[PDB]
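**Q** coords please:
(one chain, ligands or ions: 20)
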Amino acid sequence: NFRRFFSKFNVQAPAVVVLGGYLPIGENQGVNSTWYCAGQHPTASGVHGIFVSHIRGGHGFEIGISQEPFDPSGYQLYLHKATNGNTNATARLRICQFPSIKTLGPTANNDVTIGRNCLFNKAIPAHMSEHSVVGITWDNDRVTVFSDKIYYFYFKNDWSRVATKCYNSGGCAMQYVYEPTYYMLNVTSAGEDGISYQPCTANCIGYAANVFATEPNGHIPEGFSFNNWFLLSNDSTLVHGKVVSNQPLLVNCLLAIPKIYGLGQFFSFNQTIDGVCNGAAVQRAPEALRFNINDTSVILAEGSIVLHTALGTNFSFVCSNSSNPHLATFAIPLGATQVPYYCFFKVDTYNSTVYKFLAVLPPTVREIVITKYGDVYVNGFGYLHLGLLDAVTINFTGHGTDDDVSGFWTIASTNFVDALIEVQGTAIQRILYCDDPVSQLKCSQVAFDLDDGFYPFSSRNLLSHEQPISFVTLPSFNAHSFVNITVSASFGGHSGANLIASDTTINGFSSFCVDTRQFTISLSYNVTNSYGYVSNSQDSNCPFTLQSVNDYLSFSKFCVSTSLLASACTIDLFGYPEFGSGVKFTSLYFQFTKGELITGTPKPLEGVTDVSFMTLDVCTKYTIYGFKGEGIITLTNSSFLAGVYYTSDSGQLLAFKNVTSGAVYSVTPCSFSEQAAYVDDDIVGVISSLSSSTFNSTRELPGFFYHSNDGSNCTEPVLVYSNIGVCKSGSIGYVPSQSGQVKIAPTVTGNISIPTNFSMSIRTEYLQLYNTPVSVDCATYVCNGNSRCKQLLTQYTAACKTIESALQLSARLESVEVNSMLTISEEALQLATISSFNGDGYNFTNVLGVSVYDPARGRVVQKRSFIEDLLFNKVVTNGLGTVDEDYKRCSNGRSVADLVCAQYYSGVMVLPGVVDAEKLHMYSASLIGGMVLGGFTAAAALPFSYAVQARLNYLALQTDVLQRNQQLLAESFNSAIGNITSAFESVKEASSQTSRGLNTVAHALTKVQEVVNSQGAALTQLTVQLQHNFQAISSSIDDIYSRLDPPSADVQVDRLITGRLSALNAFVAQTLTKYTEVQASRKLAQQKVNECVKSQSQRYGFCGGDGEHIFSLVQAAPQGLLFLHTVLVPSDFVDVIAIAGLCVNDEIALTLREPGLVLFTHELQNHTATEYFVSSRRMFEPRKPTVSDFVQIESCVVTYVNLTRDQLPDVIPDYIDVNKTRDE
Ligand SMILES: *[C@@H]1O[C@H](CO)[C@@H](O[C@@H]2O[C@H](CO)[C@@H](O[C@@H]3O[C@H](CO[C@H]4O[C@H](CO)[C@@H](O)[C@H](O)[C@@H]4O)[C@@H](O)[C@H](O[C@H]4O[C@H](CO)[C@@H](O)[C@H](O)[C@@H]4O)[C@@H]3O)[C@H](O)[C@H]2NC(C)=O)[C@H](O)[C@H]1NC(C)=O
Ligand SMILES: *[C@@H]1O[C@H](CO[C@@H]2O[C@@H](C)[C@@H](O)[C@@H](O)[C@@H]2O)[C@@H](O[C@@H]2O[C@H](CO)[C@@H](O[C@@H]3O[C@H](CO)[C@@H](O)[C@H](O)[C@@H]3O)[C@H](O)[C@H]2NC(C)=O)[C@H](O)[C@H]1NC(C)=O
Ligand SMILES: *[C@@H]1O[C@H](CO)[C@@H](O[C@@H]2O[C@H](CO)[C@@H](O[C@@H]3O[C@H](CO)[C@@H](O)[C@H](O)[C@@H]3O)[C@H](O)[C@H]2NC(C)=O)[C@H](O)[C@H]1NC(C)=O
Ligand SMILES: *[C@@H]1O[C@H](CO)[C@@H](O[C@@H]2O[C@H](CO)[C@@H](O[C@@H]3O[C@H](CO)[C@@H](O)[C@H](O)[C@@H]3O)[C@H](O)[C@H]2NC(C)=O)[C@H](O)[C@H]1NC(C)=O
Ligand SMILES: *[C@@H]1O[C@H](CO)[C@@H](O[C@@H]2O[C@H](CO)[C@@H](O[C@@H]3O[C@H](CO)[C@@H](O)[C@H](O)[C@@H]3O)[C@H](O)[C@H]2NC(C)=O)[C@H](O)[C@H]1NC(C)=O
Ligand SMILES: *[C@@H]1O[C@H](CO)[C@@H](O[C@@H]2O[C@H](CO)[C@@H](O[C@@H]3O[C@H](CO)[C@@H](O)[C@H](O)[C@@H]3O)[C@H](O)[C@H]2NC(C)=O)[C@H](O)[C@H]1NC(C)=O
Ligand SMILES: *[C@@H]1O[C@H](CO[C@@H]2O[C@@H](C)[C@@H](O)[C@@H](O)[C@@H]2O)[C@@H](O[C@@H]2O[C@H](CO)[C@@H](O)[C@H](O)[C@H]2NC(C)=O)[C@H](O)[C@H]1NC(C)=O
Ligand SMILES: *[C@@H]1O[C@H](CO)[C@@H](O[C@@H]2O[C@H](CO)[C@@H](O)[C@H](O)[C@H]2NC(C)=O)[C@H](O)[C@H]1NC(C)=O
Ligand SMILES: *[C@@H]1O[C@H](CO)[C@@H](O[C@@H]2O[C@H](CO)[C@@H](O)[C@H](O)[C@H]2NC(C)=O)[C@H](O)[C@H]1NC(C)=O
Ligand SMILES: *[C@@H]1O[C@H](CO)[C@@H](O[C@@H]2O[C@H](CO)[C@@H](O)[C@H](O)[C@H]2NC(C)=O)[C@H](O)[C@H]1NC(C)=O
Ligand SMILES: *[C@@H]1O[C@H](CO)[C@@H](O[C@@H]2O[C@H](CO)[C@@H](O)[C@H](O)[C@H]2NC(C)=O)[C@H](O)[C@H]1NC(C)=O
Ligand SMILES: *[C@@H]1O[C@H](CO)[C@@H](O[C@@H]2O[C@H](CO)[C@@H](O)[C@H](O)[C@H]2NC(C)=O)[C@H](O)[C@H]1NC(C)=O
Ligand SMILES: *[C@@H]1O[C@H](CO[C@@H]2O[C@@H](C)[C@@H](O)[C@@H](O)[C@@H]2O)[C@@H](O)[C@H](O)[C@H]1NC(C)=O
Ligand SMILES: *[C@@H]1O[C@H](CO[C@@H]2O[C@@H](C)[C@@H](O)[C@@H](O)[C@@H]2O)[C@@H](O)[C@H](O)[C@H]1NC(C)=O
Ligand SMILES: *[C@@H]1O[C@H](CO)[C@@H](O)[C@H](O)[C@H]1NC(C)=O
Ligand SMILES: *[C@@H]1O[C@H](CO)[C@@H](O)[C@H](O)[C@H]1NC(C)=O
Ligand SMILES: *[C@@H]1O[C@H](CO)[C@@H](O)[C@H](O)[C@H]1NC(C)=O
Ligand SMILES: *[C@@H]1O[C@H](CO)[C@@H](O)[C@H](O)[C@H]1NC(C)=O
Ligand SMILES: *[C@@H]1O[C@H](CO)[C@@H](O)[C@H](O)[C@H]1NC(C)=O
Ligand SMILES: *[C@@H]1O[C@H](CO)[C@@H](O)[C@H](O)[C@H]1NC(C)=O
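**A** Numbers count the residues shown, from 1 in each chain. Ligands and ions are numbered 1, 2, ... in the order given. Coordinates below:
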């Protein structure tokens, strides 16, 4: 049955869900089964769960669970109900240090006494329905019981050994479970019905929406819900947008755990975490670990989170409703999510125990995340920080037992990575890792999809920085000095025991001070004794001696004095004559202050120079003659003589000269700019200045290198740039000069080729007509509504006023121009629908839009055409133009502002477009109906074939209007229209867009995309400027006025006022450029529609390029018109001999009146019968000549054909020989 058992996992009726854990293994499917249903007592080891499925009224039931080591100290379990009283027969249950019953019995053969120690020795009612299933599972010291509810109990245990006694119940009474299993619930109704449980394989684990299969590279697989995966911040959370941020999303191992189980686990930031990873595990030590949980009740237990620091300090996670652990108890007396819970960290160390306040716990904790460097986030916020973590222990307590295992609560080991994240409604929906060079380029911009084009790129530098340090500078000459000392003493006198005189000097002076870095002392000994010699000895009462100082003694100041000297240590000298007078010389003093300015040296080193050092041809940091930088130093073989360092005219260092050797070394950048040809959502080639890169082929273009994976010629350039083009396959090549359509130069004689076999092609061209008007509330944009800032802005006079006036004047001028342009005729509109139109042979179903009764306020509306549908839906990012938000609700303030209201709060209001797509399509339909309207009334609806025939006759008089002649043009036009429609439908498929370039569909759609993106880009660029702090103390005016005094604050806010005003002016200037450019576009469009659509043009090449223009039809397009100029292209040429004229009887010269008419001889009778035909030079329409087409000239010329009077009527059938007729 099992319906009642699975009904306990309370789940919503219409939800299909996945079950995991030690569940019943069924009866028939898989190995599983093993339903005993007998008193055979199978003793088993290593079992993790047991189940009983059918209670045949009241049959008995005996269970004994014990440790396999049979430990008497450990706790055993024995449950026994050998009674059939149902409700009144409560089962005797004992979780105790209990008799370890080996086989069977209430007491039985065993160890341990009955009641030496018990945790539970009461009786429990064990009555239930026949189909009710009871089960008990033990794992990780946690026990789950299925007695009508998912009861959970933490209990240290090791319960591998089981012994049983069953009683017969339907052949499926009792069974064991060794390993976890999985199930699928097709729940369709509440209660025990509408459950439809089935067993599962591993795939069902992947079915849960909150778990995923980790990629081998660690990337998050696509399509993940990210239902609770918040982005991690310290300060504030973005509500909507895209962010390139460093977040711990590089997942290594994912541990999906069913909600009904708690968890006792140990995690180390230094070792790969254990457990069965769902996807491809990566053996990398975690630096962050993220817990995704449904309900808060898991964490409320004290000690659930224990953080271990490298210092050994422990942080225990505690919660209560109280804010004073030191002044109150935290044993929880309340539950059921009542009252917000203050949650702290208690610090555990045997010096002083303190509590660190985490936060008021939010009502719904969904993900916690702890990470090394000492950081913890709850619901993606930086609540608290600590020192370097090294280990965590997780002690989690199941779930709320009211909606369980509708999936799995999951723990993820993650490493930090720079990723692009798209977030809406403060919830992540998609992510992109910034490791692939293609992904690196994507993250360089801010977008997930990138249009085809050449993008700037940085040359890949060294993976390991390890940059050596370079330093070049010629130093000063190492000046030396000799500090003389000379003592002059004439002693002895009489008998040698007397004195005569004594004196001493340093450098001929009574005092001296050392200046050079290197000094050497030298002492000299005038002692002249009248009796003989004198022994001289040196005393010392200083931390140094005259002999010691020379070695390496260093000072900041050193002065020698023969007399009193400030702060000077004393040194004396003794002179003993031959009989020992024993008198000192003059006392000597050193004033010394320690320092590196000077140093005592035993020998001078004059000539010693140079301390520079550098590394050649290695990307290194350098300090060259005061220029600090980072680059590559390379010995260059130039021969500069003057100068020591060389810089460009812009002040940039280029080369420096080793003065000692004369060599010169150039300094180049470590990395060079490159171009990536991002087409077809891939990097197909790189234009680089380097010799080689990570591509299979490299081609040496005249100006640069091109590295790609396709060395073949690029005959079909998908993306053209400068002098080159790149195909979709990565090939590069020069664009071949396409040969234009040949035009026959008119002439009077010789051969002439007349075009024929005309094929009716169509060429497309898009022309923008208007831009969306934008009003900028300058005052509130700059001052953010601050009155003081407005008063300061008043000092800037009329810049703001001019900005606003220019914007509004441009908007009004554009509006009035486009409004006066659009003229719509209702009679033409009547003929503009499929039912009214009769395009015999011409297939306008793609061009005409259907018109049906609109339930929206009754008024009838005409749906836009299929071509217009394709052009709008697939291009417009919002799908429809009505998506333009209204500011009516923007000031409501009851909801969090979106992007439109975000920019409106800055004073930017985007007025609706001047003309909606509905009116534009109406105008296009009016033009289409007008080109077939043959009169002032609707009854004059000329068939399109007649109109085409008239327009053809306009440029060349048709001589034989064959039905097949018109049918060929009709079918060619239909084929071209179908091809254009297919090209619009999709890119490079079902219509090969290999034929690409100007005047094609692809160019038009690229222009439309650029048009629809430019305005949004400009608006976002304007809005982001508010974030910038323009060299002020902050980007908030109120913050500046708070932290600063009024004097300095005015100076400070004046900095951003100029910055915002300058940024605002830049936006206005670029919009005026856009307005000026589009103005010329609509002037061309107005000229185009008048001279091409409403009437055929004699201006060759004006309407849709070269060729003979027959007509042109307009379709609506985003902020513009798409002209389809239909043009005739010749397919064959008839070669004829032009007749310059006739000279008949050598006396009458007769020529053709019409300059655009040629007289010739063709076909079999060009020379056999010498028959003449006149035809238009534009189209081959041979016709017999007429007397009205000829004029007489006063003189013949040699180029004219000889003729006689009798022969002329053969040439001219309409001629009447008046002399012959009158004389007969
Ligand atoms: C919320 O606010 C907290 C407050 O600190 C921020 O916590 C900091 O997080 C950053 C990482 O985001 C920590 O920086 C890490 O330092 C590690 C050790 O530092 C040494 O190495 C760096 C780099 O050589 C030296 O500059 C530094 O002086 C030390 O010598 C680094 O090894 C880490 O590098 C890792 O990331 C880089 C990418 O940036 C990889 O290339 C590396 O291979 C490596 O995987 C890292 O930079 C910082 O220590 C944390 N603060 C403190 C006080 O410890 C949170 O980041 C912030 N939240 C968000 C979302 O930003
Ligand atoms: C999960 O459950 C839904 C709900 O259907 C219910 O559960 C099933 C297990 C069956 O017991 C159903 O009888 C029960 O109502 C399943 O949706 C059901 O799918 C089946 C086919 O897979 C649908 O049958 C089809 O119905 C159409 C329209 O009547 C017929 O033309 C077909 O020939 C075929 O009979 C059934 O209509 C549909 N239930 C409803 C209410 O529309 C679902 O398949 C199942 N599994 C999953 C993965 O969702
Ligand atoms: C993991 O969390 C669980 C539950 O939060 C912890 O189990 C709990 O441990 C405390 C500490 O002894 C127990 O308190 C004691 O309860 C008994 C009654 O059973 C009482 O007589 C004692 O005076 C004392 O208050 C608590 O009962 C116990 N909870 C359960 C359900 O058994 C466990 O210690 C935590 N483990 C780690 C490693 O943090
Ligand atoms: C755990 O996840 C579940 C969803 O997987 C969420 O709780 C459940 O939310 C639904 C819809 O809000 C509740 O449905 C209805 O709730 C009432 C409450 O009395 C119930 O009586 C109705 O029959 C109906 O099922 C569902 O009860 C609820 N589950 C609970 C409360 O256990 C939520 O994301 C998480 N639940 C908690 C308590 O955090
Ligand atoms: C700039 O040019 C000068 C001039 O060549 C370079 O000086 C050179 O420096 C090296 C390293 O000190 C000298 O090598 C010598 O080796 C012998 C044997 O080990 C040792 O006894 C010397 O004391 C010295 O180290 C080399 O002779 C010397 N060249 C000379 C003196 O002409 C210098 O390295 C260049 N680069 C700079 C300054 O960055
Ligand atoms: C176009 O104009 C040229 C000259 O103005 C016409 O000349 C034709 O040229 C072809 C090619 O040489 C001649 O065919 C062969 O000529 C050679 C040399 O004269 C000779 O062996 C044969 O007579 C042979 O047919 C052709 O005779 C010559 N015809 C005339 C009237 O000059 C040419 O007819 C004009 N039309 C076309 C379609 O080229
Ligand atoms: C057409 O006639 C002109 C006029 O010349 C007269 O008619 C000729 C049929 C012949 O009888 C001439 O003697 C007549 O004077 C021709 O022009 C002459 O062409 C030749 C050919 O080389 C030339 O030598 C003469 O100078 C031309 N006479 C002029 C220019 O007065 C012409 O050749 C005749 N044929 C064609 C096809 O035009
Ligand atoms: C801080 O926590 C660590 C746990 O990581 C404690 O180390 C434990 O000490 C007990 C001593 O009774 C040992 O039985 C455990 O084996 C130790 N744990 C580990 C993982 O080895 C440490 O004593 C705690 N210190 C303080 C001051 O609370
Ligand atoms: C007094 O100072 C002079 C000045 O240098 C010292 O003379 C030097 O003596 C050394 C020792 O041989 C010579 O190598 C130098 O060439 C001498 N230099 C000069 C400029 O003469 C002298 O030694 C010091 N002492 C006395 C007693 O004169
Ligand atoms: C050029 O680069 C490609 C890219 O791997 C190398 O092989 C290509 O492999 C794909 C996939 O098997 C094939 O479809 C292509 O036909 C292969 N060639 C090309 C040019 O893409 C190739 O080994 C590289 N080196 C060369 C062609 O010399
Ligand atoms: C393909 O691209 C190459 C590279 O520019 C072109 O180079 C030609 O190579 C041939 C073979 O030696 C030379 O004879 C030509 O002089 C080269 N021309 C140029 C402009 O470089 C080549 O023309 C292109 N087309 C083909 C079919 O190889
Ligand atoms: C005329 O052009 C229309 C285009 O609207 C063609 O009609 C569509 O043909 C496709 C063929 O795959 C059908 O799937 C559509 O249901 C047709 N109707 C539409 C798109 O409205 C038509 O085949 C062309 N030729 C005619 C009418 O002779
Ligand atoms: C801490 O880790 C050191 C580095 O060894 C490896 O570290 C990470 C990257 C894992 O791959 C881990 O399995 C390796 O051991 C060890 O040298 C050091 O012994 C480790 N310290 C402790 C206490 O385990
Ligand atoms: C925290 O929650 C307590 C709820 O428990 C109830 O009150 C205690 C005193 C016991 O009597 C217990 O049996 C009750 O169910 C509140 O009483 C307590 O005031 C709360 N703490 C604070 C600071 O408000
Ligand atoms: C259980 O036994 C008592 C004693 O005879 C009796 O009164 C009671 O009705 C019984 N309960 C059931 C459910 O049979
Ligand atoms: C207590 O502080 C002293 C400070 O010298 C330190 O040496 C000692 O290890 C600390 N004791 C503990 C248990 O942290
Ligand atoms: C000391 O030596 C100096 C060296 O110049 C000499 O001139 C002088 O006569 C000597 N005797 C005395 C007493 O100075
Ligand atoms: C010095 O000149 C030679 C001339 O053959 C040249 O090959 C060499 O590259 C030059 N040195 C450097 C560093 O370029
Ligand atoms: C094309 O022109 C040739 C001669 O110029 C003619 O014979 C043919 O009928 C025309 N049409 C087609 C379809 O070839
Ligand atoms: C596209 O043009 C070719 C050549 O004119 C024609 O054969 C083909 O039928 C056209 N495609 C469609 C869909 O009409």
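**Q** can you check which strand is longest in the chain?
**A** Across the chain, the longest stretch assigned as strand under DSSP state E is strand 240-258.
**Q** what strands line up against the following helix or strand past it, and which way round?
**A** The first helix or strand that comes after strand 240-258 along the chain, using DSSP states H and E, is strand 263-268. For strand 263-268, sheet partners with direction are given as strand 389-396 (antiparallel), following DSSP bridges.
**Q** the partner strand and ligand 3 in contact?
**A** Yes. Strand 389-396 lies within reach of ligand 3 by Cβ under 6 Å from any ligand atom, at residue 395. For the C-beta atoms, the positions are set from N, CA and C on the backbone; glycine is no exception.
**Q** now that strand, how far from the centre of its chain.
**A** On the basis of Cα atoms, centre = their mean, to the nearest Å, strand 389-396 sits 34 Å off its chain's mean C-alpha point.
**Q** burial measure for residue 66, as a count.
**A** Around residue 66 there are 27 other residues, counting by other Cβ atoms under 10 Å.
**Q** and it, what does it touch?
**A** With contacts defined as Cβ atoms under 8 Å, 6 or more residues apart in numbering, residue 66 is in contact with 74, 76-77, 100-101, 159, 161-163.
**Q** residue 227: which of those is nearest?
**A** For these, the residue nearest residue 227 by Cβ to Cβ is residue 159; the value is 35.5 Å.
**Q** please report phi then psi for the closest one.
**A** Note on residue 159: its backbone torsions stand at phi -120, psi 50 [degrees, to the nearest 10].
**Q** which strand residues bridge the closest residue to it other than its chain neighbours?
**A** For residue 159, the nearest residue in space outside its immediate sequence neighbours is residue 138; the separation is 4.3 Å by Cβ to Cβ, 6 or more residues apart in numbering. In this entry, residue 138 is beta-bridged to residue 143, by DSSP bridges.
**Q** what's the neighbour count on residue 138?
**A** Residue 138 has 22 neighbouring residues, counting by other Cβ under 10 Å.
**Q** I'd say it and residue 50 touch.
**A** No. Judged on Cβ atoms under 8 Å, residue 138 makes no contact with residue 50 at a distance of 9.3 Å.
**Q** now do the shared contacts for those two.
**A** With Cβ under 8 Å, 6+ apart as the test, residue 138 and residue 50 both reach residue 65.
**Q** just the strands in the stretch 1101-1224 of the chain please.
**A** Under the criterion DSSP state E, counting those that start in this stretch, the stretch 1101-1224 of the chain carries strands at the ranges 1108-1117, 1120-1129, 1132-1138, 1142-1144, 1148-1152, 1157-1161, 1173-1176, 1190-1193, 1201-1203.
**Q** how far does the fourth one sit from its chain's centre?
**A** Shown here is strand 1142-1144, whose average C-alpha point lies 81 Å from the average C-alpha point of the whole chain (Cα atoms, centre = their mean).
**Q** then the fifth one?
**A** With Cα atoms, centre = their mean as the basis, strand 1148-1152 stands 78 Å off its chain's centre.
**Q** what residues does the stretch 251-400 of the chain put near ligand 8?
**A** Taking Cβ under 6 Å from any ligand atom as the test, the list of the stretch 251-400 of the chain residues beside ligand 8 reads 308, 314, 348-350.
**Q** if we go to 8 Å?
**A** With the criterion set to Cβ under 8 Å from any ligand atom, the stretch 251-400 of the chain comes near ligand 8 through 266, 306, 308, 312-314, 348-350, 391, 393.
**Q** spit out the contact partners of the residue lying closest to residue 269 once chain neighbours are set aside.
**A** Among residues not flanking residue 269 along the chain, residue 372 sits closest, at 4.7 Å (Cβ to Cβ, 6+ apart). Residues touching residue 372, when contacts are defined by Cβ under 8 Å, 6+ apart, comprise 269, 287-288, 388-390.
**Q** buried among the residues you listed? Make that a PyMOL selection.
**A** This is the PyMOL syntax for the buried subset of these, where burial follows 16 or more other Cβ atoms under 10 Å:
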select buried, resi 269+287+288+389
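**Q** the residue nearest to residue 159 and residue 40, how far apart?
**A** Residue 138 sits 23 Å away from residue 40, taking Cβ to Cβ, to the nearest Å as the criterion.
**Q** I'm done for today, thanks for sticking with me.
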